[PDB]
Amino acid sequence: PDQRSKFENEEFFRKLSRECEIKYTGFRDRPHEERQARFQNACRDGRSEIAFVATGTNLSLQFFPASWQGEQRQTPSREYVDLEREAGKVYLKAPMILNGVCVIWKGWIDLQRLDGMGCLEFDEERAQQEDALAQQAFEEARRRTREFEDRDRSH
Amino acid sequence: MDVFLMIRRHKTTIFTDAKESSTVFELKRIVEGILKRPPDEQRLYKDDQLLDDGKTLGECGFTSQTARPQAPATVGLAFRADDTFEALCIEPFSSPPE
Amino acid sequence: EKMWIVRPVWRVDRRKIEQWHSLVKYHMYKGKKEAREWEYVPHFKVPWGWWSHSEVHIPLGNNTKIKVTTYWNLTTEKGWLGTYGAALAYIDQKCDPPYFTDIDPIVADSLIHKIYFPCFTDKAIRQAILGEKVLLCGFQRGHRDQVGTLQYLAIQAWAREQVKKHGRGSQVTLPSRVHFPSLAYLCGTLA
Amino acid sequence: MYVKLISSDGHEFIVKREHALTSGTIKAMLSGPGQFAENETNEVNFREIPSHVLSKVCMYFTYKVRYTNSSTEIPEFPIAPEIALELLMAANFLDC
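Residues numbered from 1 in each chain as written, not as in the entry; some residues may be left out. Chains lettered and ligands numbered in written order. Heavy atoms only, no water.

As recorded in the PDB header, X-ray crystallography is the method behind this entry, and the stated resolution is 2.94221405643 Å.

Asker: It is not clear to me how the packing of helix α4 (residues 150-164) of chain C against helix α4 (residues 81-94) of chain D should be interpreted in this structure. Could you clarify?
Answerer: Each packed pair of helices is defined by two parameters, the angle between the axes and the distance between the axes. In the contact formed by α4(C) and α4(D), the axes pass within 8 Å of each other and the chain directions differ by 150 degrees. Comparing the axis directions of α4(C) and α4(D) gives the class roughly antiparallel. As for how α4(C) packs across α4(D), the hand of that crossing is left-handed. Across the interface between the two elements, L150(C), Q151(C), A154(C), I155(C), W158(C) and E161(C) from α4(C) touch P81(D), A84(D), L85(D), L87(D), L88(D), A91(D) and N92(D) from α4(D). (Axes fitted to C-alpha atoms, helices over the stretch in contact; angles between N-to-C directions. Helix = DSSP H or I, 4+ residues; strand = E, 2+ residues; numbered from the N terminus. Parallel < 35°, antiparallel > 145°, perpendicular 65-115°, else oblique. Left-handed = near helix turned anticlockwise from the far one by under 90°. Contact = heavy atoms within 4.5 Å.)

Asker: Looking at this structure, I do not really get the pairing of strand β7 (residues 115-122) of chain A. What am I missing?
Answerer: All names here are of chain A. Of the strand pairs in this sheet, strand β1 (residues 19-23) and β7 are connected by five bridges, and their pairing is antiparallel. Residue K23 lies in a different strand from β7, and its bridge partner there is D115. When strand β6 (residues 101-110) meets β7, the two strands line up antiparallel, connected through seven bridges. Looking at the pairing, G107 lines up with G118 of β7. (Pairing = 2+ DSSP bridges.)

Asker: Got a minute to help me understand the nonpolar core in this structure?
Answerer: Within soluble globular proteins, side chains that are nonpolar tend to cluster in buried spots. Within the largest apolar cluster, 68 residues are counted, with the highest numbers of intra-cluster contacts made by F52(A), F63(A), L92(A), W105(A), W38(C) and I66(C). A total of six residues in this core trace back to one element, the largest contributor, which is strand β5 (residues 89-98) of chain A. If near-sequence neighbours (up to four positions away) are discounted, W105(A) is found in contact with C20(A), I22(A), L61(A), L92(A), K93(A), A94(A), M96(A), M117(A), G118(A), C119(A) and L120(A). Judged by nonpolar contacts, the second largest core, of 49 residues, contains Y152(C), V172(C), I26(D) and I79(D). (Core = buried A, V, L, I, M, F, W, Y, C linked by side-chain atoms within 4.5 Å. Buried < 20%, exposed > 50% of the residue type's maximum accessible area, 1.4 Å probe, protein only.)

Asker: How should the environment of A89(C) be read in this particular structure?
Answerer: Residue and element names in this part refer to chain C. Relative to the helices and strands, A89 resides in strand β5 (residues 83-92). Along the backbone, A89 and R11 are 78 residues apart, and their C-alpha atoms lie at a distance of 16 Å. Among all residues touching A89, those that are not within four sequence positions of it are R7, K65, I66, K67, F100, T101 and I103.

Asker: Just to check I follow, could you spell out the sheet that holds strand β2 (residues 12-19) of chain B for this structure?
Answerer: Picture the strands of a sheet paired through backbone hydrogen bonds; they go either parallel or antiparallel. Taken in spatial order, the eight strands make up an open sheet running β4(B)-β3(B)-β5(B)-β1(B)-β2(B)-β2(D)-β1(D)-β3(D), and their pairing is mixed. Across the chains shown, the open sheet's two edge strands, defined by having one partner strand only, are β4 (49-50) of chain B together with β3 (43-45) of chain D. Examined bridge by bridge, β2(B) and strand β2 (residues 12-16) of chain D share three bridges and lie parallel to one another. Among the inter-strand pairings, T13(B) is bridged to a residue of β2(D), identified as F13(D). Contacts between helix α3 (residues 51-66) of chain D and the sheet are confined to β1 (2-9) and β2 of chain B together with β1 (2-6) and β2 of chain D, with β2(D) contributing the most and set at about 5 degrees to the helix.

Asker: Explanation requested: the interface of chain D and chain B in the structure shown.
Answerer: Interfaces are frequently sized by the accessible area removed from exposure as the parts join. Counting residues at the interface gives 27 residues for chain D, matched by 23 residues for chain B. The contact between chain D and chain B buries some 2100 Å² in all, and 60% of this surface belongs to carbon and sulfur atoms. If you sort the residues of chain D by the area they bury against chain B, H11(D), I14(D) and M59(D) come out on top, with a joint share of 27%. Between chain D and chain B we count one salt bridge in total. Close ionic contact of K16(D) with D17(B) constitutes a salt bridge, the shortest N to O distance being 2.9 Å. Where chain D packs against chain B, one counts eleven residue pairs in polar contact. Every element with two or more residues in the side of chain D that touches chain B is listed here: β2, α3 and α4 of chain D. Of all the elements, α3(D) adds the most residues to the side of chain D that touches chain B, at eight residues. (Buried area = accessible area lost by both parts, 1.4 Å probe. Salt bridge = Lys/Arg side-chain N within 4 Å of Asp/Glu carboxyl O. Polar contact = N/O pair within 3.5 Å; in protein donor to acceptor, adjacent residues only side chain to side chain.)

Asker: Which parts of the structure should I look at to understand a nonpolar patch on the surface?
Answerer: Residues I129(C), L130(C) and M89(D) make up a contiguous nonpolar surface patch of about 280 Å² in total accessible area. Take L130(C): it is sitting in helix α3 (residues 124-130). (Patch = residues over 30% accessible without salt bridge, like charges linked within 9 Å, V, L, I, M, F, W, Y side chains within 5 Å. Areas by Shrake-Rupley, 256 points an atom, 1.4 Å probe, with all protein chains shown as cover.)

Asker: Explanation requested: the packing of aromatic side chains in the structure shown.
Answerer: Describing an aromatic ring pair means giving the distance of the ring centres and the angle of the ring planes. All told, the structure shown has 22 aromatic pairs over all chains when counted by the stated rule. On the numbers, 5.9 Å between centres and 70 degrees between planes, the contact of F39(A) with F52(A) is edge-to-face. Residue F39(A) is located in helix α2 (residues 32-44), and its partner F52(A) is located in strand β2 (residues 50-54); the two are separated by 13 residues in the primary sequence. Just as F39(A) is buried, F52(A) falls in that class too. Among the aromatic residues, those joined into a cluster by ring pairs are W38(C), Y116(C), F117(C), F139(C) and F180(C). (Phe/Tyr/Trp six-rings, centres within 6.5 Å; stacked < 30°, edge-to-face > 60°.)

Asker: Explain the side chain of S23(D) to me, please; I cannot follow it from the model alone.
Answerer: Residues and elements named next belong to chain D. In this fold, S23 is placed in the loop between α1 (17-20) and α2 (24-30). Overall, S23 belongs to the buried group, its relative accessible area being 0%. A polar side-chain atom of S23 sits 3.4 Å from the main-chain amide nitrogen of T25. For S23, the side chain forms a polar contact with the main-chain nitrogen of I26, separated by 3.3 Å. Discounting residues that sit within four places of it in the chain, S23 has contacts with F61, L94 and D95.

Asker: Which parts of the structure should I look at to understand the arrangement of the chains?
Answerer: In this assembly, four pairs of chains are in contact, and the pair contributing the most contacts is chains A and C. You won't find any contact between chain A and chain B; their C-alpha atoms come no closer than 15 Å. Nothing in chain B touches chain C; the tightest C-alpha to C-alpha distance between them is still 12 Å.

Asker: Please explain the interface of chain C and chain A as it appears in this structure.
Answerer: In this assembly, 68 residues from chain C lie in contact with 66 residues from chain A. Summed over both sides, the interface of chain C with chain A buries roughly 6300 Å², with 56% coming from carbon and sulfur. Summed over the three residues of chain C that lose the most area to chain A, namely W4(C), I5(C) and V6(C), the buried surface amounts to 15% of that side. We note a salt bridge from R14(A) to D145(C), for which the minimum N-O separation is 2.8 Å. Where chain C meets chain A, there are 37 residue pairs in polar contact. Secondary structure elements with two or more residues in the side of chain C that touches chain A: β1 (4-12), β4 (64-74), β5, β6 (99-102), α2 (105-113), α3 and α4 of chain C.

Asker: Explain the pairing of β5(A) to me, please; I cannot follow it from the model alone.
Answerer: If a strand is regular, its side chains alternate between the two faces of the sheet. Residues and elements named next belong to chain A. Most of β5 sits inside the fold, with seven of its ten residues counted as buried. Alignment of strand β4 (residues 81-82) against β5, held across two bridges, turns out to be antiparallel. By the bridge assignment for β5, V81 is matched with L92. From the end of β4 to the start of β5, which pair antiparallel, there are six residues, and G88 there has a positive phi angle of about 90 degrees. Pairing of β5 with β6, which is carried by ten bridges, proceeds in the antiparallel orientation. Paired with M96 across the bridge in β6 is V103. Counting the residues that bridge the hairpin from β5 to β6 gives two residues, and of these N99 lies at a positive phi of roughly 55 degrees.

Structure (structure tokens):
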């Protein structure tokens, strides 16, 4: 895979850096004591959504309850959000394909401050798992030029 | 960082690059490898000021923001004639009538 | 015992989604039908999703498409209303499990412009040099993922002068006042 | 290795050989099976390209080599309107 080289450069997927600080945006106007309860209950409630915003951007990793939402090729797992591991923290896991690059995102949030950090990881297994090797056909269409290919018409 | 330079002398122009915190003397070494003259025989100039061999490129005024690939910074070169220096001279480009 | 699914989502103002949908519907039906082959899915008849606002399917070459998913009723920021969001996908359906990949908006615009909106023609450079007319590529948002060839940059910088100047000449005809749908605009807190 | 590019008015522009390979025309002059001594040629005279245009072109080489795999902010390439048309002639004569 040539995707491993495209991971080495910095910010291969725009607005997202290889390491980044994340916050829990949501109920920004309400008091902090209420926010700590809103975020804690949201991870536990069965049909609640939690999202984390990369600071300085409007880009967010959205975590959905699988029983209330689905997507084309995203596969539900029970361990992507883990609280009861460490008291006061919450760890996060996110496999996804960004610009044809299979990545794994790992991070954490402090329960009292609602702040955190995280960085990306390469998933060379998913690159092998993805069939027809259309990711190299995808990269072809991304480097193609259309600027002078259409045939002119004079009528 | 990276600085992008145009070493110009007479009608000769060298598009090259170097680290922002790099010495001026090492830049004369890049010139020696291209134009085959030892650094003892060449003066390097930035704007209207002689450059010290020891001073870094960043200290002389070549920041990563001024010297860029789309608009490089101009560096003068003198190539001392044997036994005597010569004045700095950079012949201009052609002007486009428009 | 609670399972999660994760997808990258841009958080965008509701006003931006209205602006994007109005542009997509215009170019498939009432305009010059530039996006006539696009497909719009209302909030109903979408595969069931609480937060699923709509889908836009933009087909590409070789049985491939781009899917633009809009989300609503997201985690509240201030006050009491739910937040909106957008998610960008590239879908290749030729392989056994469909190939799915999330793409940033500047990539998606670049992929869409390969096939859909008008660009410089075959004779674009020849006509420009001699003084003949030429289409101007109304979708400059498309040529923004990859650094373009110097032939494009030169002719595009040349177009900015033909649009900036009324005859005081007027070789080429002006762009339309109705923008084209841009995902970089939809997902960008530009200003 | 560095190659030498002579403009129409005699100006000499020395750029990195790897960068000059950007131009399709220059590539066919500098790389190939070697039957015509391409891999031993390190100088090219352009009667067709003036110096103010060729100077812009050489910047374009160093500009395309840096910001080609970096998905960071790709900086705008300044093209003044007076040079605008003239530069397209050089670019068409060279690229592809």
